[PDB]
Every structure is written in C-alpha cells, then in structure tokens.
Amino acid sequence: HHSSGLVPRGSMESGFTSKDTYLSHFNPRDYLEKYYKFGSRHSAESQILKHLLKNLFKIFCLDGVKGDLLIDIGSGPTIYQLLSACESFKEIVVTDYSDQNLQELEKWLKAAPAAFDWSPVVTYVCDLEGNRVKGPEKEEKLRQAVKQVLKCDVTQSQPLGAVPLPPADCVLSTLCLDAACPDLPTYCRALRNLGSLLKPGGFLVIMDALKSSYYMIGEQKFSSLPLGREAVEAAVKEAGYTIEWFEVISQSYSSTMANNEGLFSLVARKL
C-alpha cells in the first residue's frame, strides 16, 4: 500500500503515520544527509540547526539547567542536541523508537569510520562555548557522557519499558513529539509518560516545529501534529508542568522538506 505523496506514509487508514513506518521507512543516513548535511551555506535547514544549538547552549550553559542524569527522547540518528548538555550533566541516556536510528547512534559512539560526520556542527558549538576546547576534545567528552542507548516509545506508560533508570534531572526532546503523537490527547499523555522519568521539579526541555502537518525525507512523507503555541502551552501545563520560558521563531524549513510555520523552544519544570 503506497499513496505516492497523496498522504504521508503509513497514514492512509488512520490519518497519521503509524509507528511501524518508522521501523521500516525511516532511513537514518538519508535523514542526516537531508537535514544535517549542508551542500550550500545559509540554507533554511542550516539556520534552524544554528538556532537550536544556540538555544541549547543558552539553556544548559548560560542558564542553570544541570544535574546528574539527562534523558534524550526521540533523538533519532542525531547527536547535536547533546553537545552543550554534556557540559552540564554527568550521564546522558539517548533514546529513540527506530532501531535503525539506534544503530546509527551506536556507530558514532564507537567512532566507526562509516559513521556520520558531525565535526562542522561540533566546531560551531565549540565557538559558542568560547573556544575552550576544539572539535575532537568536545566529541570525546560527549561520547564518554552517553552511558546508554535504549529504545523508547512515548505512547507507553513506561516509555523505556522495564529498563531501570534513576529519576532524571532533565528530559530533552527535539523534533520528536510532533511526529510521535497523532492527536493532542496522545500528546498530553506522552508528556505525562516522560514525567514518570523525572524527579519532582526536574526540567523538561522541548523543541519542535509549529503548525507542521508533515515533514519530508527525500520522497518519503511523514506525518506531524500541527500544533500551535497556544495548544502546546495548554498541553504542557495540563500534563503537570510549569513553563519557565517559551520561545517561538518564524524561521521555517523549506516546504520541500516540511510545511512548518516556525519552531518553538520551552523549558518547563515538573509540578
């Protein structure tokens, strides 16, 4: 069953991309080449990455978002969202639903030659942090900080299954909840499930697209929940969090890659 661009893959029946689609049709190499590999500078996807890195830098380095344990939810094949965080947290746990994404992640932790090249992104973060260290030293600190790579499902009461983890100080999730939640009630339940991994008063850091109904990996279209800022704030507060700050930007992806109307960033604390 293929729709050929009429509807997102795995959504003809339910209206939203199913979880099985990510296990079979989400190619981590093609995703990294499309969104985090840049042919010409100053591209729309490069501007979004630069803004994400600057916010993560401000959150973990300039602000007081630190702790012992950081859990990354829906990381996919990416590690850019952890570069500043490894300076504030001793241990980092990386999670995603796609087994292929976990394989691409584990290839980078072992520094395999066929792994993705994150050095231009690492150098940018080093410049943001005052050039105290260089690229290779920055990457090694993150690899030593990542202590576990697990499979996760935000729709389950126990997102990590039966794996025992201590209550985390922060939960980070970038560009995942819009793709993992078919509706707002599931979005609210997903936020609650992540709360079961947090200490009372732990931080919730979320960055995602705004009013996005789909995103593209080459020719493959994947569904996205078109949430507005107003809907996001209500869902976060309803799930039992207090928002410390909430930022929205107008910069969007290219329509040939996503139909978003900007992105948002928020830091919340568990009530």
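C-alpha atoms forming the largest set that superposes within 1.5 Å between two forms make up the rigid core. We number the residues from 1 along the sequence you see.
Where the structures in 5 other deposited structures of this protein are fitted on the rigid core, 30 to 38 is the one of 51 to 59 and 30 to 38 whose C-alphas sit farther from the shown form on average.
Note on 93 to 101 vs 157 to 165: mean CA B-factor is higher in 157 to 165. Averaged over CA atoms, B-factors in the entry run higher in 35 to 43 than in the other of 35 to 43 and 209 to 217. In this entry, the residue among 78, 174, 131, 84 with the greatest C-alpha B factor is 131. The deposited CA B-factor of residue 126 belongs to the highest third of values across its chain.
Annotation for residue 112: C-alpha temperature factor in the highest third relative to the rest of the modelled chain, per the entry. Ranked by Cα temperature factor within the chain, residue 23 sits in the highest third according to the deposited record. Sorting the modelled residues of the chain by their CA temperature factor places residue 257 in the highest third. Remark: residue 7 belongs to the middle third of its chain, ranked by C-alpha B-factor as recorded.
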